[PDB]
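Contents: one structure, followed by commentary.
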Protein chains: 2
Amino acid sequence: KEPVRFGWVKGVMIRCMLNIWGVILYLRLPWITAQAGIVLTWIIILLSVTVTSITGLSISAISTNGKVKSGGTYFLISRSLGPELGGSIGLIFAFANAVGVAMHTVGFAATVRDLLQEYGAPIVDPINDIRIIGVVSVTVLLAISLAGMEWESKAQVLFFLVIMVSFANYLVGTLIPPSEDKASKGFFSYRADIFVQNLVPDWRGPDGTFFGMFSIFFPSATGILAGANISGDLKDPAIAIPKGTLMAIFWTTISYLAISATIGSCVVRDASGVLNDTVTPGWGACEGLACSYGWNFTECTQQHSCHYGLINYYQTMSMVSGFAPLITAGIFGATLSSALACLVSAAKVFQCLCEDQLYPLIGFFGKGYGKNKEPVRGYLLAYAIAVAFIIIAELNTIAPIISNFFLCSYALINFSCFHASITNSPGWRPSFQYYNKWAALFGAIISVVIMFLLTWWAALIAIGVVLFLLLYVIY
Amino acid sequence: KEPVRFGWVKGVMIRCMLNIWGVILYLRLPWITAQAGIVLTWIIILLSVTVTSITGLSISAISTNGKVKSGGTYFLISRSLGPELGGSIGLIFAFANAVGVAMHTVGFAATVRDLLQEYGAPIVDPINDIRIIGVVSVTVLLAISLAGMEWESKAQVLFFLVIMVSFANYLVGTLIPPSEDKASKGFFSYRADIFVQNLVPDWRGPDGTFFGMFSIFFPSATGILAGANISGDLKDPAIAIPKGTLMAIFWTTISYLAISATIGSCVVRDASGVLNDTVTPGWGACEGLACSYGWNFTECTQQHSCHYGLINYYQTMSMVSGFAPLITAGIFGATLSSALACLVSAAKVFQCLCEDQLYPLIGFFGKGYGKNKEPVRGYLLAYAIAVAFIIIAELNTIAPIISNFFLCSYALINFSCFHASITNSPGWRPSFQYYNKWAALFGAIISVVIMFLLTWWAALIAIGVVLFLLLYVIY
Ligand SMILES: CN1[C@@H](CSCC(F)(F)F)Nc2cc(Cl)c(S(N)(=O)=O)cc2S1(=O)=O
Ligand SMILES: CN1[C@@H](CSCC(F)(F)F)Nc2cc(Cl)c(S(N)(=O)=O)cc2S1(=O)=O
Ligand code: NA
Ligand code: NA
């Protein structure tokens, strides 16, 4: 019985798009489109995908240099800068993936808890819901992923169709002439007067700054290494990984642009929500854009004390849509898919690190064979860390450190491509057309600049952990 | 004719105390003693001298390992971590010393300009005074230092006696019962009631924070490598450098403690300066500590709008003193001595780098022999940079970068001592008693933590310059 291999659509493209897409697409992008306007949000998106396209070109070059087993993303780091950084960056990549599993399972459990709190009775605790649901969900994900990889691929296809159904739902919803309940909350159909007004920024609050929007959005656009972490499970990686990875980046970027430019042309930033703010003939005069449509939000705007509209309501995308439960289904398929992708990625990197003769730090973890063609000893190690960080359940002070563990890998991958190309390393002959050393160097510099520019003490902790591991291995 | 050698008093101790002592001793320490109180200022001082004592122990260990020529402070960095960091850290040490020459000559020229603006007519420009005076002063310093090193040593002894005379002046001044002019500005003799009141903090203003006081004070306590940069000009460095360096640190620390604890027991933080704030019998009641001595500063304290007292007047030390011109003489001897020490240090490191066969980057600078036993080609290179940065004359936005160039050297010296001691390097047998690897490691970590904690973008620029030099040498 031969093992199973995947094509470039179900092996690289679907996985990369599903790992890129998260809950920012549903819960924060329409709000970023309000704080910053349409054109400046487009600039945010295009500045964020510039780093990931350069990293994608370095990854595509690495893939056209030979055959690499699954989880060997750090082999060029260890081959170009020594096996003590390579193993340490591999061990920190695999740990960040396992903590990302917990950060996505917590996000799924929060949605389920909010869903339960509205329909019926919860359990006695408000925050132990997030713990029980998180543990049961990660155990179900572990079961499906440990039952083979065809089942994991079928689950990923299910999540992809759920997300496409949510997109079609929202797009049909924006085309229906408004009802009273929608129009009172700020939704008007595609209008020429709302497109123009929403093009320019309107900053409000403590985080209402261009750098704050960049900080919220940038970490969500990463996730382009999901198809390259299973390179040994593909029919032919040297054609699959470049094409799939770059098509995934292109199409997620187009979806991000279309959603912002269409939400910004339908919903005004301020609305009351109550049904008796229609025009009263002879009410002197009213101020606001919606007056010409028949609504009066003057009291809100003057007092700044109502909770609807594009800039006040985080759930505006769910109400523009034709049927609201399908957006919740999309959120489920967007968080579970990323948790599953991160779990598979962490398991395979851990399994590659446990069988590394040049990095013998953690090779002692295996006692039972677990020879069922699956990384059982990398699955249990990822599951243990994921459950431990789910029990904590408060992960918003740990997210910067985990997100800098991912930019250290980006910096070292790009610099290893540059260092191997300028030194004429003996055995580095990439055949990808659109690769160039100076682009890789720029990516390596920008990754570290962004690392320190997001939060400097988290960057210090990340580099300190890398250094402690590297020096403990040497001594 | 043999060359001249110096003992441990005139070669290490005087030079180190004169480079440590600057203008913070005269113009900012009495104000730090007001913002933070006596005990918390003592904590500031003892936390700052903890880093420099550990670095002094590493330097003393380096000095008891053989004979090193003058300027070879980076030889252990290059011997323990490769000749591409050693030369780069040497080249950045020598450049920071030459910029420090300009930062001290500008401080001398500012004092002379203020002195001239009060007595007579200046030249037509207010800021070109600082340029003409700076250039002429650095040329005179270059002349005396290029005329041999006995003359430089005699100038240093002159500066030391001037500083001691200023200290005796101030200490006699604090013991004289107050006059009307002094008592009106806030000076009362040693009182028990003012010691107690001044022990606890009183924060005011934007920089009135413990971290702000630390930021102002810490960079001034460094300067402990002035006696180790001329190690090849001493009778026997292996006994001279440890004893002199540690005695210098000890005595400058004791002077810093005594000045703060005696200025804090004499001057109240708020005073008016005008002579008719004495007690009027029957003026209801007055609020403040000085009332029991016969003065009334209620209007000031309520309105926060007068310019005398320990926390408002930067020149309080000059008015407590018996004769005021001697404090200005002390300021002259405190800035010129540091400029001369930095110029000699930069010249000798540049001359050691120009004769290095393992770091051939700048060995091309020498055409004329200049064989008069003096680093002529390291003197002219230091003089050119000093004059170029004096012409700019605005150096308070460059000081953080230059001050991080000095903490990078501290971090790499300490880490090179640790790395050589744990690896059992072949030829590293220090015979200093009070050396220990873990103290050196702690010093190396604390230096980088402080580097990033003072100002993170300046630390990024410093590490980026080091990295650019290191990588340009490798490729
Ligand atoms: C959305 N993710 C962000 C981190 S944001 C949440 C945080 F972890 F920061 F808390 N970065 C990456 C990067 C990669 Cl490369 C991969 S992956 N599976 O391709 O290797 C996965 C992720 S992610 O899914 O965790
Ligand atoms: C008072 N100085 C501070 C820097 S504060 C002013 C700034 F430069 F930051 F702008 N640090 C050092 C360190 C050393 Cl080691 C030496 S020296 N001659 O021993 O090598 C001299 C100096 S300093 O005199 O420049
Ligand atoms: Na997803
Ligand atoms: Na001095």
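Note on naming: chains are A, B, ... as they come in the structure tokens, residues start from 1 per chain, ligands start from 1 in the order shown.
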- Give the residue list for ligand 4 at 10 Å, counting only C-alpha atoms and all ligand atoms, as a PyMOL selection string, sorted by chain and then by residue number. chain B and resi 15-23+25+104+156+159-160+163+223+330-342
- Query: If you count only C-alpha atoms and all ligand atoms, which residues end up within 6 Å of ligand 1, as a ChimeraX atom specification?
  - Reply: /A:19,97,100,219-220,222-226,338,341-342,345,399,402-403,406
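You can rank B:444, B:439, B:248, B:40 by their closest distance to residue 203 in chain B using only C-alpha atoms, and at the top of that list sits B:40.
Note that the spacing between CA of residue 416 in chain A and CA of residue 57 in chain A amounts to 13.1 Å.
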- Any idea what's packed within 12 Å of residue 435 in chain A, counting only C-alpha atoms, ignoring anything in its chain fewer than 4 positions away? Could you give it as a list in words? residues 53, 54, 55, 56, 57, 58, 59, 60, 61, 62, 63, 64, 242, 414, 417, 418, 421, 429, 430, 431, 439, 440 and 441 of chain A
Store the residues picked out above in a file with N, CA, C and O atoms, as a CSV table (one decimal), in the first residue's frame.
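File written: part.csv
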chain,number,residue,atom,x,y,z
A,53,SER,N,4.6,38.3,0.2
A,53,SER,CA,5.0,37.9,-1.1
A,53,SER,C,6.5,37.6,-1.3
A,53,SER,O,6.9,36.7,-1.9
A,54,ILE,N,7.3,38.5,-0.6
A,54,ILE,CA,8.8,38.2,-0.7
A,54,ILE,C,9.1,36.9,0.1
A,54,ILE,O,10.0,36.2,-0.4
A,55,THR,N,8.5,36.7,1.2
A,55,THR,CA,8.8,35.4,1.9
A,55,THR,C,8.3,34.3,1.0
A,55,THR,O,8.9,33.2,1.1
A,56,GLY,N,7.2,34.4,0.3
A,56,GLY,CA,6.7,33.4,-0.6
A,56,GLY,C,7.6,33.1,-1.7
A,56,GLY,O,7.8,32.0,-2.1
A,57,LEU,N,8.3,34.1,-2.2
A,57,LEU,CA,9.3,33.9,-3.3
A,57,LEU,C,10.5,33.2,-2.7
A,57,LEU,O,11.1,32.3,-3.4
A,58,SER,N,11.0,33.5,-1.5
A,58,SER,CA,12.0,32.7,-0.9
A,58,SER,C,11.6,31.3,-0.7
A,58,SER,O,12.4,30.4,-0.9
A,59,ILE,N,10.4,31.0,-0.2
A,59,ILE,CA,9.9,29.7,0.0
A,59,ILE,C,9.8,28.9,-1.3
A,59,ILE,O,10.2,27.7,-1.4
A,60,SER,N,9.3,29.6,-2.3
A,60,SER,CA,9.3,28.9,-3.7
A,60,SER,C,10.6,28.6,-4.2
A,60,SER,O,10.8,27.6,-4.9
A,61,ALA,N,11.6,29.5,-3.9
A,61,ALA,CA,13.0,29.1,-4.3
A,61,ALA,C,13.5,27.9,-3.6
A,61,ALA,O,14.2,27.1,-4.2
A,62,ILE,N,13.3,27.9,-2.3
A,62,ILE,CA,13.7,26.7,-1.5
A,62,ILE,C,13.1,25.4,-2.0
A,62,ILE,O,13.7,24.4,-2.0
A,63,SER,N,11.8,25.5,-2.5
A,63,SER,CA,11.1,24.3,-2.9
A,63,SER,C,11.6,23.8,-4.3
A,63,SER,O,11.5,22.6,-4.6
A,64,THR,N,12.3,24.6,-5.1
A,64,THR,CA,12.8,24.2,-6.4
A,64,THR,C,14.3,23.9,-6.3
A,64,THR,O,15.0,24.1,-7.2
A,242,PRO,N,5.3,26.6,-5.3
A,242,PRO,CA,5.2,28.0,-5.8
A,242,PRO,C,3.9,28.5,-6.3
A,242,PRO,O,3.3,29.5,-5.9
A,414,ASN,N,14.6,34.2,5.1
A,414,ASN,CA,15.0,35.1,4.1
A,414,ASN,C,16.5,35.4,4.1
A,414,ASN,O,17.2,35.4,3.0
A,417,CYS,N,18.4,32.4,2.6
A,417,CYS,CA,18.4,32.5,1.1
A,417,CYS,C,19.4,33.4,0.6
A,417,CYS,O,20.2,33.1,-0.3
A,418,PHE,N,19.5,34.6,1.2
A,418,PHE,CA,20.5,35.6,0.8
A,418,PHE,C,21.9,35.1,1.0
A,418,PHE,O,22.7,35.2,0.1
A,421,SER,N,22.9,32.6,-1.4
A,421,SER,CA,23.1,33.0,-2.8
A,421,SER,C,24.3,33.9,-3.0
A,421,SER,O,24.9,33.9,-4.1
A,429,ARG,N,21.3,25.7,-5.9
A,429,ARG,CA,21.0,26.1,-7.2
A,429,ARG,C,19.5,26.2,-7.5
A,429,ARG,O,19.0,25.3,-8.1
A,430,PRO,N,18.9,27.2,-6.9
A,430,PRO,CA,17.4,27.3,-7.1
A,430,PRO,C,17.1,27.6,-8.6
A,430,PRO,O,17.7,28.4,-9.2
A,431,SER,N,16.1,26.9,-9.1
A,431,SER,CA,15.6,27.1,-10.4
A,431,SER,C,14.3,27.9,-10.6
A,431,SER,O,13.7,27.9,-11.6
A,439,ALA,N,15.9,41.1,-3.0
A,439,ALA,CA,14.5,41.0,-2.4
A,439,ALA,C,14.5,40.2,-1.2
A,439,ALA,O,13.8,40.6,-0.2
A,440,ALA,N,15.3,39.1,-1.1
A,440,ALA,CA,15.4,38.3,0.1
A,440,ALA,C,16.0,39.1,1.2
A,440,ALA,O,15.6,39.0,2.4
A,441,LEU,N,17.1,39.9,0.9
A,441,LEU,CA,17.7,40.7,2.0
A,441,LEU,C,16.7,41.7,2.5
A,441,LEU,O,16.7,42.0,3.7
- Task: Pull out every residue of chain B sitting within 12 Å of chain A, counting only C-alpha atoms, and send them as a PyMOL selection string.
- Result: chain B and resi 418-424+445+448-457+459-461+464+467-468+471+474-475
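Running DSSP on the backbone gives strand (DSSP E or B) for these residues within range 91-309 of chain B: residues 187, 234, 267, 271, 278, 295 and 308 of chain B.
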Those residues you just picked out, can you put them in a file as a CSV table (one decimal), in the first residue's frame with N, CA and C atoms?
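Below you can see out-v3.csv, which holds the result:
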chain,number,residue,atom,x,y,z
B,187,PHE,N,18.9,78.6,51.1
B,187,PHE,CA,20.0,78.0,51.8
B,187,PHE,C,19.9,78.3,53.3
B,234,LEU,N,52.4,52.2,31.1
B,234,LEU,CA,52.5,52.1,32.6
B,234,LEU,C,53.7,51.3,33.0
B,267,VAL,N,19.3,72.8,51.8
B,267,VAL,CA,18.5,73.6,50.9
B,267,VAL,C,17.1,73.0,50.8
B,271,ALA,N,12.0,78.2,47.1
B,271,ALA,CA,12.3,79.5,47.6
B,271,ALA,C,12.0,80.6,46.6
B,278,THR,N,10.4,87.8,54.7
B,278,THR,CA,10.6,87.4,56.1
B,278,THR,C,9.3,87.4,56.9
B,295,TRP,N,11.1,82.9,57.2
B,295,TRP,CA,10.9,83.2,55.8
B,295,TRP,C,9.5,82.7,55.4
B,308,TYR,N,13.8,79.7,42.4
B,308,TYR,CA,14.9,79.4,43.3
B,308,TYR,C,14.5,78.2,44.2
Set the distance at 9 Å and use only C-alpha atoms: which residues neighbour residue 141 in chain B once local chain neighbours fewer than 2 positions away are removed? I'd like the list as an mmCIF file with C-alpha atoms, in the first residue's frame.
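What ended up in part34.cif:
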data_model
loop_
_atom_site.group_PDB
_atom_site.id
_atom_site.type_symbol
_atom_site.label_atom_id
_atom_site.label_comp_id
_atom_site.auth_asym_id
_atom_site.auth_seq_id
_atom_site.Cartn_x
_atom_site.Cartn_y
_atom_site.Cartn_z
ATOM 1 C CA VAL B 136 39.954 76.854 19.185
ATOM 2 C CA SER B 137 39.671 74.772 22.372
ATOM 3 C CA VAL B 138 39.979 71.432 20.600
ATOM 4 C CA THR B 139 42.977 72.763 18.657
ATOM 5 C CA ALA B 143 48.518 70.805 20.590
ATOM 6 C CA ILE B 144 49.170 69.869 24.215
ATOM 7 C CA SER B 145 48.460 66.183 23.606
ATOM 8 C CA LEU B 146 50.639 66.100 20.475
ATOM 9 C CA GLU B 152 49.173 65.780 29.070
ATOM 10 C CA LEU B 336 38.356 69.810 29.657
ATOM 11 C CA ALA B 339 37.664 65.927 26.507
ATOM 12 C CA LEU B 340 41.419 65.339 26.836
ATOM 13 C CA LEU B 343 40.970 62.412 22.708
#
- Message: I need the alpha helix (DSSP H) residues of range 6-248 of chain A per DSSP on the backbone, written as a ChimeraX atom specification.
- Response: /A:8,14-20,24-27,29-35,37-63,75-81,83-119,129-146,150-173,180-184,192-197,210-217,237-248
Those same residues, written as a short mmCIF file (atom, residue, chain, number, x, y, z; two decimals), in the first residue's frame with C-alpha atoms?
data_model
loop_
_atom_site.label_atom_id
_atom_site.label_comp_id
_atom_site.auth_asym_id
_atom_site.auth_seq_id
_atom_site.Cartn_x
_atom_site.Cartn_y
_atom_site.Cartn_z
CA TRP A 8 -1.52 21.45 -5.92
CA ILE A 14 -6.74 25.35 -0.15
CA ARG A 15 -4.54 24.89 2.93
CA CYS A 16 -2.78 28.23 2.51
CA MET A 17 -6.00 30.18 1.92
CA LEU A 18 -7.67 28.50 4.88
CA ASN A 19 -4.69 29.32 7.20
CA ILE A 20 -4.54 32.89 6.05
CA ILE A 24 -10.24 39.42 11.28
CA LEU A 25 -12.04 38.98 7.96
CA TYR A 26 -15.38 38.89 9.81
CA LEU A 27 -15.00 40.90 13.01
CA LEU A 29 -11.84 44.39 8.85
CA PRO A 30 -15.12 46.37 8.50
CA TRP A 31 -14.02 48.41 11.54
CA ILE A 32 -10.54 49.06 10.13
CA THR A 33 -12.28 50.20 6.94
CA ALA A 34 -14.09 52.76 9.11
CA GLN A 35 -11.21 54.13 11.17
CA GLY A 37 -11.18 54.77 5.14
CA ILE A 38 -11.00 52.79 1.95
CA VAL A 39 -7.77 53.95 0.28
CA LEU A 40 -5.66 53.92 3.43
CA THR A 41 -6.95 50.44 4.31
CA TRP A 42 -5.95 49.35 0.80
CA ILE A 43 -2.49 50.71 1.60
CA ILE A 44 -2.48 48.71 4.86
CA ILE A 45 -3.34 45.53 2.98
CA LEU A 46 -0.80 46.09 0.20
CA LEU A 47 1.99 46.91 2.66
CA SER A 48 1.22 43.76 4.64
CA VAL A 49 1.15 41.43 1.63
CA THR A 50 4.45 42.84 0.37
CA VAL A 51 6.36 41.11 3.19
CA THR A 52 4.52 37.82 2.65
CA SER A 53 5.02 37.87 -1.13
CA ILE A 54 8.78 38.24 -0.66
CA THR A 55 8.77 35.43 1.88
CA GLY A 56 6.69 33.40 -0.56
CA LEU A 57 9.31 33.91 -3.26
CA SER A 58 12.05 32.73 -0.89
CA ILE A 59 9.94 29.67 0.01
CA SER A 60 9.25 28.93 -3.65
CA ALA A 61 13.00 29.13 -4.34
CA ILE A 62 13.70 26.71 -1.49
CA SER A 63 11.14 24.28 -2.92
CA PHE A 75 16.82 22.71 6.73
CA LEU A 76 18.11 25.69 4.76
CA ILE A 77 18.64 27.67 7.96
CA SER A 78 20.65 24.81 9.41
CA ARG A 79 22.46 24.17 6.12
CA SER A 80 23.43 27.82 5.59
CA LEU A 81 24.06 29.07 9.15
CA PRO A 83 22.84 23.23 12.83
CA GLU A 84 22.50 25.13 16.12
CA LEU A 85 20.34 27.92 14.75
CA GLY A 86 18.53 25.56 12.41
CA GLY A 87 17.35 23.31 15.20
CA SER A 88 16.55 26.20 17.55
CA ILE A 89 14.47 28.04 14.95
CA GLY A 90 12.79 24.73 14.13
CA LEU A 91 11.98 24.13 17.81
CA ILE A 92 10.57 27.63 18.20
CA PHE A 93 8.55 27.37 14.97
CA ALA A 94 7.01 24.11 16.18
CA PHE A 95 6.21 25.59 19.61
CA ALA A 96 4.62 28.72 18.13
CA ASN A 97 2.44 26.52 15.90
CA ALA A 98 1.22 24.53 18.91
CA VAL A 99 0.40 27.71 20.82
CA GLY A 100 -1.44 29.00 17.74
CA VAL A 101 -3.62 25.89 17.93
CA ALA A 102 -4.71 27.03 21.40
CA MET A 103 -5.20 30.65 20.31
CA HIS A 104 -7.57 29.51 17.57
CA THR A 105 -9.44 26.93 19.65
CA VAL A 106 -10.04 29.61 22.29
CA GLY A 107 -11.50 31.82 19.56
CA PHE A 108 -13.83 29.04 18.44
CA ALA A 109 -14.90 28.31 22.02
CA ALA A 110 -15.68 31.99 22.63
CA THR A 111 -18.04 32.04 19.65
CA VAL A 112 -19.77 28.88 20.87
CA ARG A 113 -20.07 30.32 24.38
CA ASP A 114 -21.66 33.52 23.06
CA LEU A 115 -24.01 31.41 20.95
CA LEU A 116 -25.06 29.39 24.00
CA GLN A 117 -25.46 32.39 26.34
CA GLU A 118 -28.17 33.83 24.07
CA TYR A 119 -30.32 30.73 23.49
CA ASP A 129 -17.19 27.20 29.25
CA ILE A 130 -14.18 28.35 27.21
CA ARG A 131 -12.10 25.65 28.92
CA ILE A 132 -14.42 22.65 28.56
CA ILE A 133 -15.36 23.55 24.98
CA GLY A 134 -11.73 24.19 24.09
CA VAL A 135 -10.55 20.86 25.46
CA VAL A 136 -13.30 18.84 23.77
CA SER A 137 -12.77 20.65 20.45
CA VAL A 138 -9.02 20.12 20.40
CA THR A 139 -9.54 16.44 21.27
CA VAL A 140 -11.94 16.05 18.31
CA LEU A 141 -9.43 17.77 16.02
CA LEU A 142 -6.69 15.47 17.30
CA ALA A 143 -8.89 12.45 16.58
CA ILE A 144 -9.63 13.43 12.99
CA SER A 145 -6.01 14.34 12.27
CA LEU A 146 -4.71 11.13 13.87
CA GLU A 150 -7.39 11.95 3.75
CA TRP A 151 -9.88 12.71 6.53
CA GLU A 152 -8.02 15.92 7.37
CA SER A 153 -8.16 16.94 3.70
CA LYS A 154 -11.90 16.23 3.52
CA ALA A 155 -12.47 18.36 6.62
CA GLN A 156 -10.47 21.17 5.01
CA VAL A 157 -12.60 20.99 1.86
CA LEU A 158 -15.72 21.16 4.05
CA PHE A 159 -14.41 24.31 5.75
CA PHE A 160 -13.59 25.86 2.36
CA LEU A 161 -17.13 25.35 1.04
CA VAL A 162 -18.58 26.76 4.27
CA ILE A 163 -16.48 29.92 3.84
CA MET A 164 -17.51 30.30 0.18
CA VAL A 165 -21.17 29.95 1.18
CA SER A 166 -20.70 32.72 3.76
CA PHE A 167 -19.13 34.97 1.10
CA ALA A 168 -22.01 34.40 -1.31
CA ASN A 169 -24.47 35.01 1.52
CA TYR A 170 -22.94 38.39 2.36
CA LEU A 171 -22.64 39.46 -1.28
CA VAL A 172 -26.28 38.65 -2.03
CA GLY A 173 -27.27 40.43 1.17
CA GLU A 180 -36.51 49.17 8.24
CA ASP A 181 -34.42 47.17 10.70
CA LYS A 182 -31.32 47.28 8.50
CA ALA A 183 -31.76 50.92 7.44
CA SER A 184 -32.19 51.97 11.07
CA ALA A 192 -22.48 56.90 -4.61
CA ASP A 193 -22.67 59.34 -1.71
CA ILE A 194 -21.39 56.85 0.88
CA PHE A 195 -18.41 55.70 -1.20
CA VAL A 196 -17.07 59.27 -1.41
CA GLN A 197 -17.60 60.08 2.27
CA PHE A 210 -2.59 54.06 11.42
CA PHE A 211 -0.01 52.10 13.39
CA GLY A 212 -2.78 50.60 15.53
CA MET A 213 -4.65 49.40 12.46
CA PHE A 214 -1.41 47.95 11.10
CA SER A 215 -0.77 46.19 14.41
CA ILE A 216 -4.24 44.64 14.37
CA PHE A 217 -4.15 43.54 10.73
CA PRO A 237 6.53 19.96 -4.69
CA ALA A 238 8.71 21.89 -7.17
CA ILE A 239 5.67 22.97 -9.22
CA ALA A 240 2.98 22.66 -6.56
CA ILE A 241 4.40 24.86 -3.80
CA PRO A 242 5.22 28.02 -5.83
CA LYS A 243 1.99 28.09 -7.84
CA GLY A 244 -0.29 27.19 -4.95
CA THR A 245 1.35 29.52 -2.45
CA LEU A 246 1.29 32.53 -4.75
CA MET A 247 -2.27 31.91 -5.99
CA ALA A 248 -3.36 31.66 -2.35
#
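CA of residue 379 in chain B is found 23.5 Å from CA of residue 235 in chain B.
A straight line drawn from CA of residue 312 in chain B to CA of residue 268 in chain B is 10.5 Å long.
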- Item | Pick from B:378, B:370, B:71, B:400 nearest to ligand 2, counting only C-alpha atoms and all ligand atoms | B:400
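Using only C-alpha atoms and all ligand atoms for every distance, the candidate list B:392, B:412, B:257, B:346 yields B:346 as the residue closest to ligand 2.
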- Message: as an MDAnalysis selection string, please: the residues near residue 377 in chain A (cut-off 10 Å, only C-alpha atoms, same-chain neighbours under 2 positions excluded).
- Response: chainID A and resid 347:348 350:351 354 365:371 374:375 379:383
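Remark: for ligand 3, the closest of the candidate residues A:4, A:261, A:221, A:385 is A:221 (distances computed over only C-alpha atoms and all ligand atoms).
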